[PDB]
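1. Just need the structure, nothing else, for what follows:
(chains A, B, C and D, ligands or ions: 26)
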Amino acid sequence: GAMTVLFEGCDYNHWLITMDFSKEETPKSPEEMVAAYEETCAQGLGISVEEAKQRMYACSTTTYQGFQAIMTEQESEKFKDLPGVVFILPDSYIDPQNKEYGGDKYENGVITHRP
Amino acid sequence: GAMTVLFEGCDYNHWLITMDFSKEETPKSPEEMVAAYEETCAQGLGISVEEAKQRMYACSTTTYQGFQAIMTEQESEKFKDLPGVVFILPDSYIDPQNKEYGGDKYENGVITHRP
Amino acid sequence: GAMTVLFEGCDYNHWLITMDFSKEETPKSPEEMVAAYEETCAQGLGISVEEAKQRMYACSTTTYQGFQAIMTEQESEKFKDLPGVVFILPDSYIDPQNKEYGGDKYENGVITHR
Amino acid sequence: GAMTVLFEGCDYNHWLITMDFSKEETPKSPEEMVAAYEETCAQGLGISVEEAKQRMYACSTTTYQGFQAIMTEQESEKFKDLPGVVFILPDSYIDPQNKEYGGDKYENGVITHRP
Ligand SMILES: [Br-]
Ligand SMILES: [Br-]
Ligand SMILES: [Br-]
Ligand SMILES: [Br-]
Ligand SMILES: [Br-]
Ligand SMILES: [Br-]
Ligand SMILES: [Br-]
Ligand SMILES: [Br-]
Ligand SMILES: [Br-]
Ligand SMILES: [Br-]
Ligand SMILES: [Br-]
Ligand SMILES: [Br-]
Ligand SMILES: [Br-]
Ligand SMILES: [Br-]
Ligand SMILES: [Br-]
Ligand SMILES: [Br-]
Ligand SMILES: [Br-]
Ligand SMILES: [Br-]
Ligand SMILES: [Br-]
Ligand SMILES: [Br-]
Ligand SMILES: [Br-]
Ligand SMILES: [Br-]
Ligand SMILES: [Br-]
Ligand SMILES: [Br-]
Ligand SMILES: [Br-]
Ligand SMILES: [Br-]
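-> Numbers count the residues shown, from 1 in each chain, chains lettered A, B, ... in the order given. Ligands and ions are numbered 1, 2, ... in the order given. Right below this line is the structure:
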């Protein structure tokens, strides 16, 4: 009805996607891992790599192997069928007061390591 | 992937549906309110009234005007287009210690007042 | 640790609180019910009635009996021990194209019926 | 109030905790990683290592470096202050028809590898 209040639950719009590179005979360099994150992001979202880079905001190849991107929960589910994907999880701040996510910063292909 | 761990969040299967009888031209007796809950439950789920009576587990005509029933989250969304429906919300315990929902208990049309 | 990412769930910042006046012998007028929402909101949030009126954004005495205000999940929990409170729930739009919650609009003490 | 129904979101009692081993100078064997998981689980839960080994049900040192244990959400929060902990997240099935979590199975110290 016009006065219906439907509860739809949590709205998670920042997601962490980790990847499994342990299989390979030859280990990927950090650059190769980040290039893989970008391709996987584009594939799961159904968008160009250029558009996917705009969604991505952080990644790591050290503390963890994965990337973090803005996407809806409905979007995150599409990653479940891609090869190499391990965790698909809402991202959470490592530093609430500054609203900072963990990992290295990612800006359209530019990584800033965060100590 | 074969190792993918997808977070899907909360899945609720106990739902509260409240009703608006303020726009009715004739005031409903308590029994007539319960009859309307049964009809609304049947219409939203696409099942018969006798089948809906099995899903319902509680209701009120005093503290609030609504009923509570077992249904999937997908089924709860079907109530959004029904006339007279106000809140569609996961039900929660009134007494968490005893895992008891609020309102009067409803068992296939037999209702028990609960303090 | 310095790298620890703890998952805690989502928060909600808009809450609907309904109230039970069915127990009342002498029925409250709509104006009296709204006065009770303002007092309850202030009591639950631990703030002045003046501040509570700034946080409330909608209410009803017809479609339902309740009020809606900006507060966190931690804040909403504090209403559980006040008299007359029935449901405490995250509020949701009734009209997403206008980003409107349900009930009448409440603007710092003034109600516009919707 | 006596009639108060406070919305309760869903609870999780299966948690996955991942760990970062890089500060340590000597790279660990898989058994040294599992020993660290047992010790971290005990410290986080505030229980003996013997009890912690009973609470764990899976772990990995390959696909990811982490362990999985039964605990409440309030318990999982205590892991946030432990050294080496990276992600603390609700665990989810990798094979939902069989209700199997990921990682290698862990039964009070006995690991069954699950590639
Ligand atoms: Br990881
Ligand atoms: Br979504
Ligand atoms: Br989508
Ligand atoms: Br960030
Ligand atoms: Br740019
Ligand atoms: Br930075
Ligand atoms: Br795979
Ligand atoms: Br959740
Ligand atoms: Br009526
Ligand atoms: Br049926
Ligand atoms: Br109500
Ligand atoms: Br069900
Ligand atoms: Br309607
Ligand atoms: Br019950
Ligand atoms: Br009973
Ligand atoms: Br949680
Ligand atoms: Br005042
Ligand atoms: Br305030
Ligand atoms: Br009361
Ligand atoms: Br809004
Ligand atoms: Br509004
Ligand atoms: Br208006
Ligand atoms: Br929720
Ligand atoms: Br769980
Ligand atoms: Br032991
Ligand atoms: Br398992």
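2. what bridges to residue A:107?
-> Counting by DSSP bridges, residue A:107 is bridged to residue A:110.
3. Check for me that residue A:35 belongs to a helix.
-> Yes - Residue A:35 forms part of a helix when assessed by DSSP: H, G, I helix; E, B strand; the rest coil.
4. how many other residues sit next to it?
-> 14 (other Cβ atoms under 10 Å in any protein chain shown). No exception for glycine: its C-beta is placed from N, CA and C like everyone else's.
5. how near is it to residue A:28?
-> 9 Å (Cβ to Cβ, to the nearest Å).
6. Need phi/psi at the closest residue to residue A:109 other than its chain neighbours.
-> Leaving aside its chain neighbours, residue A:109 sits nearest to residue A:53 (5.9 Å; criterion: Cβ to Cβ, 6 or more residues apart in numbering or on different chains). Dihedral pair for residue A:53: phi -60, psi -30, per degrees, to the nearest 10.
7. Isn't residue A:53 up against residue A:111?
-> No - taking Cβ atoms under 8 Å as the definition, residue A:53 is not a contact partner of residue A:111, at 11.6 Å.
8. and residue A:59, what element?
-> When elements are assigned from DSSP states H and E, residue A:59 belongs to strand A:56-60.
9. and what of residue A:11?
-> Residue-wise, residue A:11 maps onto no helix or strand under DSSP H and E.
10. Name the nearest residue to it, ignoring sequence neighbours.
-> Distances taken as Cβ to Cβ, 6+ apart place residue C:10 nearest to residue A:11, at 6.6 Å, with adjacent residues excluded.
11. Surely the one you found touches residue A:10?
-> Yes - at 3.4 Å, residue C:10 counts as touching residue A:10 under the criterion of Cβ under 8 Å.
12. shared neighbours of these two, anything?
-> Shared contacts of residue C:10 and residue A:10 (Cβ atoms under 8 Å, 6 or more residues apart in numbering or on different chains): residue A:90.
13. Give the other helices and strands that the helix or strand harbouring residue A:17 contacts.
-> For residue A:17, the host element (DSSP H and E) is strand A:14-19. With contacts taken as 3 or more Cβ pairs under 8 Å, 6 or more residues apart in numbering or on different chains; DSSP states H and E, strand A:14-19 sits against helix A:30-45, strand A:66-70, helix A:73-77, strand A:85-90.
14. wait, does that strand contact ligand 3?
-> No - counting by Cβ under 5 Å from the ion, no contacts exist between strand A:14-19 and ligand 3, the nearest distance being 12.3 Å.
15. Report the strands that pair with that strand, each with its relative direction.
-> Strand A:14-19 is paired, per DSSP bridges, with strand A:66-70 (antiparallel), strand A:85-90 (antiparallel).
16. May I see the ones you listed arranged in CSV, with mean neighbour count and distance to ligand 15 as well?
-> Listed next are the strands paired with strand A:14-19 as CSV, based on neighbours: other Cβ atoms under 10 Å in any protein chain shown; distance: least, Cβ to the ion, whole Å:
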stretch, mean neighbour count, distance to ligand 15
strand A:66-70, 25, 48
strand A:85-90, 24, 39
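17. residues in contact with the residue nearest the centre of chain A?
-> In chain A, the centroid-proximal residue (Cα atoms, centre = their mean) is residue A:68; its distance is 2.7 Å. By Cβ under 8 Å, 6+ apart, the residues touching residue A:68 are A:14, A:15, A:16, A:17, A:56, A:57, A:58, A:59, A:91, A:101, A:103, A:106.
18. doesn't residue A:38 make contact with the fifth one?
-> What that stands for is residue A:56. Yes - counting by Cβ under 8 Å, residue A:38 is a contact partner of residue A:56 at 7.1 Å.
19. And the residue of chain A closest to ligand 7?
-> Residue nearest to ligand 7 within chain A: residue A:83 (4.3 Å; Cβ to the ion).
20. would that residue count as being in a helix?
-> No - counting by three-state DSSP, residue A:83 falls outside a helix, being coil.
21. Test my guess that it contacts residue B:1.
-> Yes - in this structure residue A:83 lies within contact range of residue B:1 using Cβ under 8 Å: 5.3 Å.
22. between the two, who's got more neighbours?
-> Per other Cβ under 10 Å, whichever of residue A:83 and residue B:1 has more neighbours is residue B:1, with 17 against 13.
23. so what's that one up against?
-> When contacts are counted by Cβ under 8 Å, 6+ apart, residue B:1 touches A:20, A:80, A:81, A:82, A:83, A:84, A:85, A:86.
24. what about the fourth one, how many residues close to it?
-> Here the count is done by other Cβ under 10 Å, and residue A:82 has 17 residues near it.
25. Count residues in the vicinity of whichever residue of chain A sits closest to ligand 3, would you?
-> Nearest residue of chain A to ligand 3 (Cβ to the ion) works out as residue A:74 at 4.1 Å. Counted with other Cβ under 10 Å, residues neighbouring residue A:74 total 7.
26. With residue A:32 instead?
-> Using other Cβ under 10 Å, residue A:32 is surrounded by 14 other residues.
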